[PDB]
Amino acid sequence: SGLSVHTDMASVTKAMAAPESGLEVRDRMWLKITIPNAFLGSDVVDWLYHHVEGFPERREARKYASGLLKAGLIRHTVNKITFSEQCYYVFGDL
(Lines of atoms letter the chains of each structure in order from A and count residues from 1; the text may use other names and numbers.)
(Lines give C-alpha, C1' and ligand atoms only; values in the text may rest on other atoms or scores of the structure.)
Protein backbone atom coordinates (compact mmCIF):
# COMPACT_ATOMS: atom_id res chain seq x y z
CA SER A 1 0.00 0.00 0.00
CA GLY A 2 2.26 2.80 1.43
CA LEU A 3 4.99 2.83 -1.21
CA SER A 4 4.16 2.88 -4.90
CA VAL A 5 5.60 4.17 -8.18
CA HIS A 6 4.83 7.82 -7.11
CA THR A 7 7.05 7.87 -3.99
CA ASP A 8 10.44 9.48 -4.69
CA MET A 9 13.19 6.94 -5.55
CA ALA A 10 15.52 8.01 -2.76
CA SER A 11 12.92 7.17 0.00
CA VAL A 12 12.00 3.76 -1.44
CA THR A 13 15.75 2.91 -1.40
CA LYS A 14 16.07 4.02 2.25
CA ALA A 15 13.03 1.82 3.05
CA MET A 16 14.67 -1.19 1.32
CA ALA A 17 17.83 -0.35 3.29
CA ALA A 18 16.34 -0.10 6.83
CA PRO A 19 16.77 -2.90 9.41
CA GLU A 20 14.17 -5.64 9.17
CA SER A 21 12.85 -4.22 5.81
CA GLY A 22 12.49 -7.69 4.19
CA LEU A 23 15.62 -7.42 1.99
CA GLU A 24 18.04 -10.44 2.06
CA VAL A 25 21.37 -8.86 3.12
CA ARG A 26 24.47 -11.09 3.71
CA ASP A 27 28.18 -10.39 4.34
CA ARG A 28 29.56 -11.99 1.12
CA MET A 29 29.83 -11.83 -2.64
CA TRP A 30 30.80 -14.61 -5.12
CA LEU A 31 32.71 -13.40 -8.27
CA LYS A 32 33.27 -15.55 -11.33
CA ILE A 33 36.67 -15.22 -12.93
CA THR A 34 37.62 -16.65 -16.31
CA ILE A 35 41.05 -18.35 -15.69
CA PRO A 36 41.64 -21.13 -18.30
CA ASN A 37 43.08 -24.49 -17.00
CA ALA A 38 42.34 -24.02 -13.30
CA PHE A 39 41.30 -26.85 -11.02
CA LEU A 40 40.12 -27.68 -7.49
CA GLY A 41 42.36 -29.15 -4.77
CA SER A 42 39.84 -32.04 -4.61
CA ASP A 43 40.44 -32.81 -8.36
CA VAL A 44 44.29 -32.91 -7.79
CA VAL A 45 43.82 -35.16 -4.75
CA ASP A 46 41.54 -37.48 -6.79
CA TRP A 47 43.91 -37.66 -9.78
CA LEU A 48 46.93 -38.61 -7.56
CA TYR A 49 45.05 -41.28 -5.52
CA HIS A 50 43.82 -42.96 -8.69
CA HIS A 51 46.96 -42.52 -10.95
CA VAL A 52 50.00 -42.79 -8.67
CA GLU A 53 50.73 -46.15 -6.98
CA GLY A 54 51.74 -46.62 -3.33
CA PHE A 55 49.38 -44.37 -1.33
CA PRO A 56 48.04 -46.43 1.64
CA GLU A 57 44.95 -44.10 1.64
CA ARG A 58 43.45 -40.82 0.35
CA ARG A 59 44.86 -38.69 3.22
CA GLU A 60 48.40 -39.45 1.94
CA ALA A 61 47.31 -38.40 -1.58
CA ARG A 62 46.20 -35.11 0.12
CA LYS A 63 49.62 -34.67 1.87
CA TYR A 64 51.29 -35.16 -1.55
CA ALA A 65 49.06 -32.50 -3.18
CA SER A 66 50.19 -30.29 -0.23
CA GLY A 67 53.91 -30.81 -0.91
CA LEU A 68 53.29 -29.90 -4.61
CA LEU A 69 52.07 -26.41 -3.41
CA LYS A 70 55.04 -25.96 -1.08
CA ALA A 71 57.34 -26.92 -3.98
CA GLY A 72 55.57 -24.39 -6.26
CA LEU A 73 54.47 -27.06 -8.80
CA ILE A 74 50.86 -25.91 -8.36
CA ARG A 75 49.95 -22.34 -7.18
CA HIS A 76 47.04 -20.73 -5.33
CA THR A 77 44.92 -18.31 -7.44
CA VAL A 78 44.75 -15.72 -4.58
CA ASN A 79 47.51 -15.50 -2.02
CA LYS A 80 47.19 -18.31 0.52
CA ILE A 81 49.75 -20.35 2.43
CA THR A 82 48.02 -23.60 3.30
CA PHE A 83 46.57 -26.21 0.97
CA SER A 84 42.79 -26.77 0.93
CA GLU A 85 40.76 -29.10 -1.29
CA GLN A 86 37.96 -26.54 -1.79
CA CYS A 87 40.24 -23.86 -3.26
CA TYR A 88 41.17 -23.37 -6.91
CA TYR A 89 44.71 -23.77 -8.23
CA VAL A 90 46.71 -23.46 -11.47
CA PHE A 91 50.05 -25.09 -12.53
CA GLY A 92 53.43 -23.49 -11.63
CA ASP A 93 56.34 -23.09 -14.10
CA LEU A 94 57.29 -26.65 -15.15
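Start at 1 and count along the sequence shown; that's the residue number.
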Of 6 to 14 and 21 to 29, the one with larger mean CA B-factor: 21 to 29
Among modelled residues of the same chain, the CA temperature factor third for residue 49: middle
Cα B factor band for residue 65 (lowest, middle or highest third within the chain): middle
Third of the chain's Cα B-factor distribution that residue 38 belongs to, per the entry: lowest
